[PDB]
Amino acid sequence: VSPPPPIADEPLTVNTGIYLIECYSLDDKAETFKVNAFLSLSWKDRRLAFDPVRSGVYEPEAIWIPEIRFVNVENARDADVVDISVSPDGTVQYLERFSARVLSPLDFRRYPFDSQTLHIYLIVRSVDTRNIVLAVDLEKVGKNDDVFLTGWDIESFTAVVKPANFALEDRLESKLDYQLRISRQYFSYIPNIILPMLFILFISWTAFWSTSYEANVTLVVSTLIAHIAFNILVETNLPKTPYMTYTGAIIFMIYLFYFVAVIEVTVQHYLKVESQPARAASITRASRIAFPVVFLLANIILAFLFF
Amino acid sequence: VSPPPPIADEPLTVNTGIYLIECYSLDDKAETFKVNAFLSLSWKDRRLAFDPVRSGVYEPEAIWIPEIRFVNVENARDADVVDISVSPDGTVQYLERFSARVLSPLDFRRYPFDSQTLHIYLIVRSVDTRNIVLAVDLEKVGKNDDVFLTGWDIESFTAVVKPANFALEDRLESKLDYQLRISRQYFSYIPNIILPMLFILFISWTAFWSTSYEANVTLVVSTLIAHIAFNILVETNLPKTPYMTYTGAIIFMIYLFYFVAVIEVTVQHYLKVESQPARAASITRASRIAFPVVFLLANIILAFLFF
Amino acid sequence: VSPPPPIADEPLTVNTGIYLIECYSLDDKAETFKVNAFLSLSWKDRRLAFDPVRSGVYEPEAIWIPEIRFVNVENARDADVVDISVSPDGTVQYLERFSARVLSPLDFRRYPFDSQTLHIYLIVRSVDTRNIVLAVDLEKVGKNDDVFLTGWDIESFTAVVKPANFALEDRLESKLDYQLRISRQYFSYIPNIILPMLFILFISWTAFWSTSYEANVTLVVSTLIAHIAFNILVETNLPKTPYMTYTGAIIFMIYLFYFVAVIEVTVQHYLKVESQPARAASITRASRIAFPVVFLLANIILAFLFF
Amino acid sequence: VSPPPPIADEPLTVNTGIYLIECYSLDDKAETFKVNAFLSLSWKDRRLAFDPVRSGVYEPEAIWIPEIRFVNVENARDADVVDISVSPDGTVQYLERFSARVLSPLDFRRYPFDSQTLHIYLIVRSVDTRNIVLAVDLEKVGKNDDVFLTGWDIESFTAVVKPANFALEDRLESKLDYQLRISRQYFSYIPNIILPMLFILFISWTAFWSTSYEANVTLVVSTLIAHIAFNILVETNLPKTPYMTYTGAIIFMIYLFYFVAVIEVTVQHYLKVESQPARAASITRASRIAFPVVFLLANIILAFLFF
Amino acid sequence: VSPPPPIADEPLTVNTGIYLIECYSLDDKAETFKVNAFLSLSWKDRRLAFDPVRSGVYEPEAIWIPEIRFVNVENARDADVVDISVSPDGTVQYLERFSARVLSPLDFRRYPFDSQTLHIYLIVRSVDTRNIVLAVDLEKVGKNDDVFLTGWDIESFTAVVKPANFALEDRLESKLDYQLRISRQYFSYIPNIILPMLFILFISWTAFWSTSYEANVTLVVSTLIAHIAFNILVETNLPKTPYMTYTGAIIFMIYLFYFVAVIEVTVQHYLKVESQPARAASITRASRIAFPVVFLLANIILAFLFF
């Protein structure tokens, strides 16, 4: 059935909204997330007019539901219409429970302190008889009172009718932009990734307050092994990230500091075996303060360069 | 076919129940579990009335089965109707074997001693001619006499007709709440996760009853490596859990105690090499009792703070 | 088309059988296995009677094939009928190549020496006009002459028409029980899991025939690390098993023996440094024989308690 | 539409062939491989005869394509007919691009030097009016000029019309056998699996040219840890293989040699501490040559027993 | 509906193009990548001619869309037509949003400095009434202004109408070649794979500036363990690659250099214990410069042999 033509040849406005239900999948490796939600559409048409008797109501296929199609989805959405209603004044609104995979990029520049923006794009199948324009119902758009992206904080949930569109579309269409900006609770990462990685480094550094090579070399190289094994343990948390992250920059600094610690221990032993205990003691005493200070500085510059 | 209108314009009650069969999938990482079960529905209608001859019986599509739709499912349920029957007094009951993924959150605040509640939500496609209300058949709802969630204990299986519903639904509907509360057999975890993690720590602590740095540092750092490798081994059991768990809090305490053990061994060696054997002996003898006592205390406070 | 009514109002018997082809998937983590097989059904009906000319034969949908439905399947079976035949005396037999996931529990109480029983359940959609009862064709049921569950031994393949059924079914139905009991070739596990796990333990024990603490502690703790790493290597073989297995009990005994070995080495060093070489020598010499004997005993009790 | 009856009541021959395109999936763990290929069928029928005008040609469903069904497939093939043609003399040949998972067993008796045979089985739905027999078109069967199973060498690609068939089929059918025999390029495995595994063993053996227990025990047990970690690294390459492989036999020999090396180092230290330096020196000097020679011998017997 | 016959019996040209949207999946292990894109087709037909009134426009099935079929796809593409338009002069162009898995080989000869070429192949279902030839619309073909293969650089995106085709096709068809040549940002790999692998090697080499066997052997073998563990950590980045890669050649050189380092340390200790300190000092001093120089040389030859 053709869409109802406008009375005054004015573009038809459709009020669309989403109330998220489950955001269950966040596949960082696949750079996608799977969401279940109730898509609500409102089209004002002069059809199925109601009489002042037995009112309040219809059919799943007999009423023209406009073609609302997502853009950034892997496959076509698995939709299931739940309710279809028509306002007797002529405002047909219907809600469909749909499951959809969303193809959105997650940048981990600032993991685990990241704050990302999931994106959903909407388009319509405009027809020559009547153009279709999209708006957003503020009273309808919202987020679930449920778990709501467990382990994340929903910072904002906004919609913008972006006039921009890809050049392939010969005509111009008002692509609709749902942007959901979410931060991450970073607290658990402090004792699960960051603090032990520093404890191992400090165990490495305590080799300076020692003086025996056979113990310094063990205390440094074994803690290097511990750090590598802990990196193996942590890499299940981290995603693939083919680019220089922030954690991937701290970890490189830590490898570099293990290298410098080994270099120092070797130089101290070489000086002390070459009958120069004075210089060896001097360099060890200097590094006792130098290493933590250099580490603190390097982390400060790293943070300011990434934040 | 339209649902049978009420004789006295009273809401139609439907007796619904589930007898679980297989709960085979418990994908902790995906925060979902897949269940197979027999959904049984009972609608009282004045249709297909039976005669006192050749009674006891029908069709899969010729009889109006009410639209029972789950809420918290990834995709629409993969149903397969098994039996359809009608009581000659007018009570049509039918059972459908359905497979369904369920999107429910599992909180691991208290893993492995957790006790969670799986949730199933039911809604109907109410029509204006006759409203639909849902109840629960106690004689029909039940759990399988089979394996019944292997590795778990089914504490309770209850149903509540919650008047609450999400604000998107313009009308009001009686969403139906199946809550299945299950505890976990925690015994195997005691020798598979907890006890070896303590054995390694005690091997670390036995470095206090020693007096040689070249052996204390080995005995501590190598056991740190052993603990990290054992954490790698155990993390297959644990799920992702982007939040401070209970095991994730014991493990942090253990990393902290390895740090303090290394700090002590270093201080003892530094004192003993700086011609103060008395203070070194005193601190070692004190820590021999201090470390186990502090560990026991810290676990007590950790348990009371998590339980 | 309705099933043919009985001539003498006697229940209709159906001869059913399965000849397995591929058992390709054995997903221990998912507690399921995927099997491909030829399901053969034989129903005796007075339809499509043959004449003594051009005999020996039909249609995929024009002949009533009884509704044979599996019970313990994740999704409905992916069937594909291959042959449909009718015996001129009136015995229609047809074979369908079907792929099916089977939801069966595998208990690893006795891994790797386990001997499990896969289960397939069959039910029919009995109609009021004529009841349906199921039997088994011994001449038709069988297992593939092919690989036949590679790495397993098929002990038995039997069928029982169990009168028992779940209480949800209001009527009584003769659920059909295919039980396939299979043992496991355990030989490869002896050099792949068990023997190296003992070699590492013996390397740990050879620390008793030594007398230097700096070497005993290395030889014990490094072999503890080796054992943990080997456990990591082996856990790909083992499934999740949320319960105390047999291998999971040997491994706990091994962790306990590493703990006791460390305790002994520490006590021996403490005695020998406290000017009591006699008692230290006595305890070391005693443990040289005590440890292997205690291990052998503990394994004997463990086996008798698990077998 | 019924197949064309024979003119002289002779069995109908069908010329079938496959030109492989992609063999993309080789899931060793699942014991299956997924292949894309063009299945070409040629049936000679007296239908759609061509006239000497506008010749050279049809329809996807109006012409009887014989039921060619694979046997060893997980699910039914995902076919897509590409071209359908009929020779004016009466030889209709058509090619369908089909994707199919194949359930074939891969035996790793001789990994990585294995040479396996993938198998595809073909059957037809023979009808009583005219029997169907299958042959092979040599001019049509072939392998892709493309990558062609990357990392493998296609040794042979042959077809045999095996008269044998499973006993379930009441009649006799000529099951068609495509066997594709492929060897493996084993070169990369020499530096990726085999050579480092020997380098670690040689590092272990260099403990004989030493004389200090505190260094011999480290050099042996730490290399045992290195070997276990390298086995963890390599096990991603190896498949599950629930049976004694060839690599799984070298690795057992290597564990045994680590055990014997530890035993020797302990015996040498015990002799040298028990005031018998002569015997300790003798046993060390003997083992310096004994260990490599025994290893070379044992590998020779292992190869002859597996090859 | 038959395709429109040519007016002058000339082959019909179709202008086809692709504007990529998401290249979300790059499954190196599966040797495939999944892409979402808008396929745009332009066929010039003398149908649906427009009048100079209410112009600018149609139907999804009433207009003959030519059969454009990809070649190198796992399954048939999951298409969804978005827009269908006809130019009043007679140039019908339509765009379909399609999701497709692409089976293309990725060679990692030069990982991580690789530069690969993804391939898409197009064919048509040519009919005898009118032949079909394919061209490319430069103004339509393009790549997304979006993320555009995150972690990769799109070097080129070209199309060639290759006259070549596989020999199975009895006729000749103009297979269409989209080749997308993409390089990889290799920077992050320098601190994530390459630099730490060298830091560990340098820590190994600093054993030459030492003189105690009990420390040299620890410093070398423990760093061998660290290198193996780091290889385990890195192998998540690397794909399966059953062939001698470039990283897989550096890693072999590194294992070889660990072997030579152990051999040297053993020889130095053996010389120094055999009352030849002069030769031991000479060989150690020589290797101090020999090892880094040999490593630099070997990397140069390795690069020139792989680049």
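Residue numbering begins at 1 within each chain, and the chains themselves are lettered A, B, C, D and E in the order written.
The rule we apply is simple: a residue touches a chain if its C-beta (ideal position, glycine included) is under 8 Å from a C-beta of that chain, and two chains touch if they have at least 3 such contacts.
Fewest steps needed to get from chain A to chain C, stepping only to touching chains, is 2. Taking each chain's centre as the mean of its C-alpha atoms, chain C lies 25 Å from chain D.
Centre-to-centre separation between chain C and chain E, using Cα means, comes to 41 Å. For chain C, the set of residues that touch two or more other chains comprises 214, 218, 222, 225, 229, 232. Interchain contacts close the chains into one ring where each touches exactly two others, per the touch definition above. One full turn of the ring, starting with chain C and passing chain D second, gives C, D, E, A, B.
Interface residues of chain E, counted against chain D in their complex, comprise 30-32, 69, 71-72, 74-76, 103, 105, 123, 125, 127-128, 166-170, 213-214, 217-218, 221-222, 224-225, 228-229, 231-232, 235, 240-244, 248-249, 252, 255-256, 258-259, 262-263, 266, 269-270, 273.
Across the complex, chain B is touched by residues 19, 21-22, 24-25, 34, 36, 38, 40, 54, 56-57, 78, 80, 82-83, 85, 93, 95, 97, 99, 140, 142, 144-145, 147, 150-151, 184-185, 187-188, 191-192, 195-196, 199-200, 202-203, 206, 209-212, 214-215, 218-219, 222-223, 225-226, 229-230, 232-233, 236-237 of chain A.
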